[PDB]
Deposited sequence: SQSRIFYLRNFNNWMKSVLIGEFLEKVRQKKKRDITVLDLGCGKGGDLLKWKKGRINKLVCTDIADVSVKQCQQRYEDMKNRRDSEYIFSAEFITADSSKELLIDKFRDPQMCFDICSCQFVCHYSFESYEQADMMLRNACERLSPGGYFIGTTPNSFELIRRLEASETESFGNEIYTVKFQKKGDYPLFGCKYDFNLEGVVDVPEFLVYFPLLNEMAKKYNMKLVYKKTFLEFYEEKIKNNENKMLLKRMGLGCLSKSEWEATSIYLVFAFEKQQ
């Protein structure tokens, strides 16, 4: 519960930074693509951003319905929203938008990207889906496990495994970290245990250039927290959310991750 809340604060400040930048740029028709939305934990964040149109997509059809339902519920207590079930690493989302020439101001992709580094075609496909329809000046923002921190911990271990009572990471073998299909197990004890894939961030950065994007920043969770905490509204939100200090086991689990922000060039 406490980790889920900490990560929402991270996502809130990240989305909020770039929602603000879009609002200084655009005058109307703010449109967002939430690639890998899950059950919809960011719907509230997009409503607070006063955006105009949301596309929500995930590979789990059950998650897409729950996300749709949560939207309908909050509509009836707002942006227009679309809900598409699809593998964004194998399908073109352009094939499924109500309007196949719509463009986006932000693609947000939270804890989703690394599942596409199963293979070259899949990672390229998810990037296309996240950046191809970005308007000039648009943003591709997200969160994903920091490959360096995962390799560092795996080396320093004895087993192909490290973790604690919250999380366990088991690698399929050691010393072999292919650009694609480097598989490992992320055991969220006991929510989910999902196959994940390593993302060498310099690879992702170079790949995004195919879609005319440039790095805005790449920040470990630590860096992101330390910089974003100095802001006042960010600190206000942290207290208003019930958040103080992470426990050591929770810090270890969440320091695995980094945040990234790219921007569509002209």
Counting from 1 along the deposited sequence, which stretches lack C-alpha positions?
1-5, 83-87
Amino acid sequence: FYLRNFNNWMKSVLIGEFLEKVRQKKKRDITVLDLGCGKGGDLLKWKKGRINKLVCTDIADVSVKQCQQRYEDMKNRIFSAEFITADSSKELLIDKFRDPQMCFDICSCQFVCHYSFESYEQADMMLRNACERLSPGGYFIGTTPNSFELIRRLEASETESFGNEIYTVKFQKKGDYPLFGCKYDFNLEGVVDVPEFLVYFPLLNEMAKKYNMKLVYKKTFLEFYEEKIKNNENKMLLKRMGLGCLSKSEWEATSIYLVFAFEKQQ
From here on, numbers count along this sequence of modelled residues.
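Whichever C-alpha set is largest while still superposing within 1.5 Å between the two forms counts as the rigid core.
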Would you mind working out which of 140-148 and 159-167 sits farther from this form in 6 other deposited structures of this protein by RMS C-alpha distance, with the rigid core as the fit?
159-167
When the other structures are laid on this one by the rigid core, do the CA atoms of 57-65 or of 233-241 sit farther away in 6 other deposited structures of this protein?
233-241
Among other entries of this protein with both neighbours modelled, does residue 27 go without coordinates in a third or more of them?
yes
Residue 194 dropped from a third or more of the other entries of this protein
no
186-194 versus 135-143 - which carries the larger mean C-alpha B factor in the record:
186-194
Which is higher on mean Cα B factor in this entry, 36-44 or 224-232?
224-232
Which one of 106, 81, 92, 154 shows the top CA temperature factor in the record?
154
Which listed residue, 116, 110, 129, 159, has the largest C-alpha temperature factor in the record?
159
Quick tally, chain-level thirds of C-alpha B-factors: residue 240 sits in the highest
Split into thirds by Cα B-factor across the chain's modelled residues, where does residue 50 land: lowest, middle or highest?
highest
How does the C-alpha B factor of residue 73 compare with the rest of the chain: lowest, middle or highest third?
highest
Residue 7 - Cα temperature factor, lowest/middle/highest third of chain:
lowest
Taking the C-alpha B-factors as the PDB entry records them, is residue 209 in the lowest, middle or highest third of its chain?
middle
